[PDB]
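Here you get one chain, nothing else, as structure tokens; it is the form deposited in one PDB entry.
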């Protein structure tokens, strides 16, 4: 289905599982370095890609989480897009009366300024892509047809226009890559009352920034303090893309190991 078993829990008993959520344009196999930095026999389950907006995706994850974990306790972790998803499932699980005891965001850092959900920003965004496209591959943007479509329809319209004038594999990967990245842009973040740990790097890469220049700035709280009162930030340095790999993940994992040991003590 959409759940990957990174390390199975025992048939009965054992430690609380860690649930990790896939990143944008990728799979939960990227949490394997983190797993090696966690306590021995920590179970870990990865939730992979499903369709919908952020809240509609959590409408599919939450019932599976409760099948696998019941009342709790819940430990939800995600890098890149995964962080938003883990947080979204923290809010869904809290409303159902579930015990969430750790939400771990690995550099799930919001744009320094809010991204407007407007028609003018649609036009600004498609002009930005258009200019890059003539550069890296050597016309009139039909704005009225694009402003009336969602992200999925926008992308289909633009691929169909190329066909009307590319191998299937390249297309499928960039379609999910782009859509997951827009899912981060468009996320409508809801307040959460539990404890959130945010592992914060220094900066997004110059590729991400060129796609949306408002990622050139990060607030100290990563954009989350308005929505979380019990917010902890762990500075890890480096770039967004290296927060998930060795050796920086060793710093993430040492911190998370202490949080999991405390959760195991209170059981």
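Residue numbers count along the first chain shown, from 1.
Gap check for residue 188 to residue 189: zero deposited residues are absent from the model. Coordinates are lacking for 1 to 3 deposited residues between residue 138 and residue 139. Mean CA B-factor, 205-213 versus 60-68: the higher value falls on 205-213. Highest C-alpha temperature factor among 238, 46, 52, 223 per the entry: 52. Of the candidates 104, 142, 92, 82, the PDB record gives 142 the highest C-alpha temperature factor. Sort the chain's modelled residues by C-alpha temperature factor and residue 147 lands in the highest third, per the entry.
Per the deposited record, the Cα B-factor of residue 11 falls in the highest third when ranked against the other modelled residues of its chain. Annotation for residue 34: CA B-factor lies in the lowest third of the chain's modelled residues. The entry lists a Cα temperature factor for residue 260 that places it in the lowest third of the chain's modelled residues. In the deposited entry, the Cα temperature factor of residue 231 sits in the middle third of values across the chain's modelled residues.
Another form exists, deposited in another entry; not displayed. Remarks below refer to it.
In that other deposited form, the Cα-Cα separation between residue 118 and residue 227 grows by 3 Å or more relative to the displayed conformation. Inter-residue distance, residue 117 to residue 61 (Cα): increased by at least 3 Å in that other deposited form versus the depicted form.
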